[PDB]
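S.K.: Make a model of this:
(one chain, ligands or ions: 3)
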Amino acid sequence: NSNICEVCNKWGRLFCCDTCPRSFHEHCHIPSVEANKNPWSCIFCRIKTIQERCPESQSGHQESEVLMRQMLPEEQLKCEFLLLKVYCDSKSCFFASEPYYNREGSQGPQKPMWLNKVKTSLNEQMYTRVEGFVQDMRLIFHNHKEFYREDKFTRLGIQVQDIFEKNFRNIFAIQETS
Ligand SMILES: [Zn+2]
Ligand SMILES: [Zn+2]
Ligand SMILES: [Zn+2]
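M.R.: Numbering: from 1, shown residues only. Ligands and ions are numbered 1, 2, ... in the order given. For reference, the structure is listed below:
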């Protein structure tokens, strides 16, 4: 197994996957690394099994159909994995915890949102469709862009939204377009 967390790239108290060489801090894995379970398989491995069981699941899909899907166990897992892929980028730190807004010439968003809030919402099964999760994720970057206006810090929202969107298209097998 790797000697660093796959998510945050630090050492520490690491749980090792039994079916791949990745390792995780407990609360870096999503869902949090399960209490017992030997063997234990990471989210990466679980996602790969879904694909292997249903190879046609990789054929192109339309985003509008994906968004309307109910949050059955496989969709739940795919959103947890997509959330994790965002935390994998170090720039996710700026969007992880509850923000506050006090900048001359701007007003804070009407509906603040952050990654740990989406993480709790997934854990508490608060989303009934994929659309719920994707709208809260996109809201994080949209709030950032609007608040920071012409400050160059706006770019951090563009950067981490690009990671989200690439991974959304990969995990949900969105039909490739020009
Ligand atoms: Zn970690
Ligand atoms: Zn694994
Ligand atoms: Zn099949």
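S.K.: And the strands in the protein, which stretches?
M.R.: Using DSSP state E, the strands found in the chain span residues 14-16, 23-25.
S.K.: is it possible to export the ones you listed to CSV including mean neighbour count and distance to ligand 2?
M.R.: C-betas here are computed from N, CA, C, even on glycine. Listed next are the strands of the chain as CSV, based on neighbours: other Cβ atoms under 10 Å; distance: least, Cβ to the ion, whole Å:
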stretch, mean neighbour count, distance to ligand 2
strand 14-16, 17, 9
strand 23-25, 23, 9
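S.K.: For residue 161, give me its contacts.
M.R.: Contacts were defined as Cβ atoms under 8 Å, 6 or more residues apart in numbering; by that measure residue 161 touches 138, 141.
S.K.: Once you drop chain neighbours, what's closest to residue 28?
M.R.: residue 7 (3.8 Å; Cβ to Cβ, 6 or more residues apart in numbering).
S.K.: number of nearby residues for residue 46?
M.R.: Other residues near residue 46 number 16, with proximity taken as other Cβ atoms under 10 Å.
S.K.: From ligand 2, how far off is it?
M.R.: As defined by Cβ to the ion, to the nearest Å, residue 46 lies at a distance of 8 Å from ligand 2.
S.K.: would TSV of the strands of the chain with distance to residue 46 be doable?
M.R.: Listed next are the strands of the chain as TSV, based on distance: least, Cβ to Cβ, whole Å:
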stretch	distance to residue 46
strand 14-16	14
strand 23-25	13
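S.K.: where's residue 37 relative to ligand 2, distance?
M.R.: Remark: distance between residue 37 and ligand 2 (Cβ to the ion) = 12 Å.
S.K.: Looking at the record's assignment, how would you partition the protein?
M.R.: According to curated CATH domains, the chain comprises the domains 1-59, 60-178.
S.K.: do the last one and ligand 2 meet at all?
M.R.: No. If you take Cβ under 5 Å from the ion as the test, domain 60-178 misses ligand 2, and the best it gets is 11.5 Å.
S.K.: Buried residues, stretch 50-57. List them.
M.R.: Neighbour-count burial for stretch 50-57, counted by 16 or more other Cβ atoms under 10 Å, picks out residue 50.
S.K.: Centre of the chain to that stretch, how far?
M.R.: From the chain centre to the centre of stretch 50-57 is a distance of 21 Å (Cα atoms, centre = their mean, to the nearest Å).
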